[PDB]
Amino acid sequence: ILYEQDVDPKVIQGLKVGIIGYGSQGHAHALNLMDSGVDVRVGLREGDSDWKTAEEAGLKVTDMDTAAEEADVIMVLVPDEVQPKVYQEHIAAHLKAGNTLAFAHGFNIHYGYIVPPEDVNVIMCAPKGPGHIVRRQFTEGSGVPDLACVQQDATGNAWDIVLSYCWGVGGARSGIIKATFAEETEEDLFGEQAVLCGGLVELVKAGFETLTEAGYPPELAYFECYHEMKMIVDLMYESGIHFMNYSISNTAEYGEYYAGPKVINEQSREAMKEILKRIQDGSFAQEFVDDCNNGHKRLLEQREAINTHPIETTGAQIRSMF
């Protein structure tokens, strides 16, 4: 693992970076980069509501073609499924020999949806964390960790560039791991599906539903299953499972060892393997891309089911009172 002493800030401080997109990653990358003394511009479409926001934040904003053309390093921070079209229409023609094409997820390059020219660097700085937090931890004096990867080293100093960039975005604070595009792609898809988003949300929803279905009030279930999760994860994050388990009661600790493997069971472990299998062999990526080409249809249905769930409406009420 690499830290501040292992990277050279001046490298990215001397390059012009163009952030394409201003969504979850884009704003954090853009703002952290500017705060770090980097010359940044954000490349957006005409009619994008965030144009003014990015501007009020104190950034130069221009269209995508101009940002691409002006930039030494061009970081694609738009949804993975729209990167091939966006690359070809607004990026590709602005790439000069010696330029760096950069990503925060190796998905497109790794599965072959985008094949950059042979005469540019192709790197990734993948923060292991949601963009709002990539930004917040950076402003708090901490930083989200990154994988640094180099798929094509056209200039011979792509490593110094990807590592100075991680420094730019807070990575050296908590740690940078050198990885390949294959490795980031695979571990990232797995984490968000198995544990961080799929596993977690559905675990909380399942326990909330078990209680409400058994006649406990939804308000009670939200405090127990959902609100309190933050506090438990906080202790682990700072001091480990051994500290958290010490904090809780021996009743709760016993209950953990006894109930954990019934809830996260041998089938859930096989599911995790199968999830990774489908990541590895490209069939999940094909499924997602298909759904995207079908107008996010399955994504939108499932979004509406979660958004209208009692855990979400009850939670919205309770939090409005804090």
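Each residue number is its position in the shown sequence, starting from 1.
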| property | result |
| --- | --- |
| Between 264-272 and 59-67 (mean CA B-factor, as deposited), the higher | 59-67 |
| Stretch with the higher entry mean CA B-factor, where the candidates are 251-259 and 280-288 | 280-288 |
| Per the PDB entry, maximal CA B factor within 300, 306, 20, 15 | 15 |
| Deposited CA B-factor, highest of 90, 242, 205, 227 | 90 |
| B-factor third for the C-alpha atom of residue 128 within its chain | lowest |
| Relative C-alpha B-factor of residue 79, binned into the chain's lowest, middle or highest third | middle |
| Residue 108 CA temperature factor, ranked by third within the chain | middle |
| Residue 213 CA temperature factor, ranked by third within the chain | middle |
| For residue 171, the third of its chain into which the C-alpha B factor falls | middle |
